[PDB]
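Taken in sequence, the protein lines are chains C, A, B, F, G, D and E. Quick note: the first sequence, position 29, residue 29 per the deposited numbering, numbers continuous. Quick note: the second sequence, position 24, residue 24 per the deposited numbering, numbers continuous. Quick note: the third sequence, position 7, residue 7 per the deposited numbering, numbers continuous. Quick note: the fourth sequence, position 5, residue 5 per the deposited numbering, numbers continuous. Quick note: the fifth sequence, position 21, residue 21 per the deposited numbering, numbers continuous. Quick note: the sixth sequence, position 4, residue 4 per the deposited numbering, numbers continuous. Quick note: the seventh sequence, position 14, residue 14 per the deposited numbering, numbers continuous. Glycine included, every Cβ here is placed at the ideal spot set by N, Cα and C.
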Amino acid sequence: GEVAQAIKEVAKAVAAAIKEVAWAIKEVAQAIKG
Amino acid sequence: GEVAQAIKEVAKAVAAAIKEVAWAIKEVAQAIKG
Amino acid sequence: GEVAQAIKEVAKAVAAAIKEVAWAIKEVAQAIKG
Amino acid sequence: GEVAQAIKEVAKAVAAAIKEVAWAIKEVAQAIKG
Amino acid sequence: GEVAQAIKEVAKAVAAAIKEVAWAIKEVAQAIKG
Amino acid sequence: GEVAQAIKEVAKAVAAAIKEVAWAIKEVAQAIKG
Amino acid sequence: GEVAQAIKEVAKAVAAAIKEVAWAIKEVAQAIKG
Ligand code: NA
Ligand code: NA
C-alpha cells in the first residue's frame, strides 16, 4: 500500500542520510588522529 | 494519496537536510586536516 | 486534509531545524580555519 | 482532530529541540574562535 | 485515542533526548573555553 | 493496537539512540578537558 | 499489518543509524584523548 511504502521510504532515506553523518564524523576522528 | 505524498515529503526533506549536516561535518574534518 | 497538512508541517519544520544544525557546523569549520 | 494535533506537536517539539542543538553548536564555534 | 497518544509520546521522548544532545554540546563548548 | 504499539516503539528506540549520541558527546567534552 | 510493520522498520533503521553516529562520536573522543 502507498502509505506503508511511503513510511518504508522514510526509514530507508532517513537512515541512509544519518549513516552519511556517521561517516563524516569518522572523517573528523581521522583528521584529528592525523 | 495526500497522506502518502506528505510522508514521502518527510523522507525527501528530512533526508536532504541530514545530508547537509554530513557535508558540513566533512568541512570540519577538512578544516582540522588543514 | 488535516493529517496530510500536519505531516507536511513535520517535513517543513524538522528539515528547516536540521539545516540550522548544518549551518552551525559550517560555523565550527570556519572557526577552526580562522 | 487528535491525530493531526499530535503530529503538529511532533513538528513543534522536535524542531524546537533541534534548534537548541544548532545553538549549542554555535557556542562551540564561538569557543573555538576565542 | 491510542494512536494520537503514541504520537504525542514520540514528540515528548524524541524532543527530550535531542535536548540532552544540546546540553552535551554545551559541555563541549565549556571544555574548549577551559 | 499494532499501529499505536509500533509508534511507541519509534519513540522508545529513537529516543534511546539519541541518548547514546548525547553520552558520546559528553565523552568528547571529557577528552578535551583531559 | 503493513503500516505497523513499516513503522517498526522506521524505529529499527533510524535507531540503528543514530547509534552509528554515537559510535563515530566516540571515535572522535578517542582521537582527542590520543
Ligand atoms: Na571529506
Ligand atoms: Na556508519
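Per-residue burial, residue i [other beta carbons within 10 Å of its own, 16 or more giving buried]
i     : result
B:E27 : buried
D:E9  : buried
E:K33 : exposed
CA-to-CA distance, residue j to residue i, given in whole angstroms
i     : j     : result
F:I25 : E:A31 : 20 angstroms
E:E2  : F:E2  : 23 angstroms
G:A4  : B:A4  : 14 angstroms
D:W23 : C:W23 : 18 angstroms
Beta-carbon spacing of residue i, residue j below 8 angstroms
i     : j     : result
D:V21 : G:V21 : yes
D:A17 : E:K19 : yes
E:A29 : C:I7  : no
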